[PDB]
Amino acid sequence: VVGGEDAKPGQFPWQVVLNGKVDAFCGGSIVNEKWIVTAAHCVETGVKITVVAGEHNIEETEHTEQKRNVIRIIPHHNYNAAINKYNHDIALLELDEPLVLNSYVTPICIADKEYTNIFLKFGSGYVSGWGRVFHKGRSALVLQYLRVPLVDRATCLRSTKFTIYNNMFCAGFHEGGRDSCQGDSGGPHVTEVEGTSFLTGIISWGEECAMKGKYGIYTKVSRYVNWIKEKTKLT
């Protein structure tokens, strides 16, 4: 996250970090004790992925952390990296052992399609992650967050030569300086409804981070909430 602020411990208790060949290569959100939702492009790899919940400083111990192995990855069935790296950018990770729910390890709420879209259209979401604090920069140690406004779809399409699909939305600032960035992908874009946060997007991609005239591109979760609930069901 470029131009955000340090989260306070447990401020985003649904946030998880994904660790592999490299630490904090992507984020994710807790759906329930056994499942994480992330971006499919994060998990288009043969390397083993570790999930860390209750995380605050990826280089310190707060005594609130929980590490798990990923035993199965379900990319959305429409995702196809050969055709497009970011269209239908959503996947689910099954954990080996359940997370233990507490003040620091709490699921994100997920409404149905209609309400996820109503929540998105309120127009102001929070993105969080341990991604780069500047374009081409170092990762954050302390989890970062940033409030981002929703961007009009035609305005977003005019901002780039790259195709913005209807499975994506844009959010962020024109002026540059504030945006999600490499390492944040997979993490949450949430909307707070009377103190209860709901998942409204997945941090997906962009061109250069926090560049003037450019926006953050996010997976439009409303189109996938049914699939999330159907694939992550426990009982």
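Whichever C-alpha set is largest while still superposing within 1.5 Å between the two forms counts as the rigid core. The numbering used is simple: start at 1 and walk along the sequence shown.
Comparing 86 to 94 with 73 to 81 in 5 other deposited structures of this protein, after superposition on the rigid core, the stretch with the greater RMS C-alpha deviation is 73 to 81. Superposing on the core and measuring CA offsets in 5 other deposited structures of this protein, the stretch of 104 to 112 and 132 to 140 with the greater mean deviation is 132 to 140.
Higher mean CA temperature factor between 81 to 89 and 124 to 132: 81 to 89, per the PDB entry.
When 33 to 41 is weighed against 63 to 71, 63 to 71 comes out higher, by mean CA B-factor as recorded in the entry. Of all the options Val22, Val16, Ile217, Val221, the entry's greatest CA B-factor is assigned to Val22. The residue among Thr155, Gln144, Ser103, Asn117 whose C-alpha carries the highest B-factor in the deposited model is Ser103. The entry lists a Cα temperature factor for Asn57 that places it in the highest third of the chain's modelled residues.
When the modelled residues of the chain are ordered by C-alpha B-factor, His189 sits in the lowest third. When the modelled residues of the chain are ordered by C-alpha B-factor, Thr50 sits in the highest third. Among the modelled residues of the chain, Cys26 sits in the middle third by CA temperature factor in this PDB entry.
In the PDB entry, a CA B factor belonging to the lowest third of its chain's modelled residues is recorded for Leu150.
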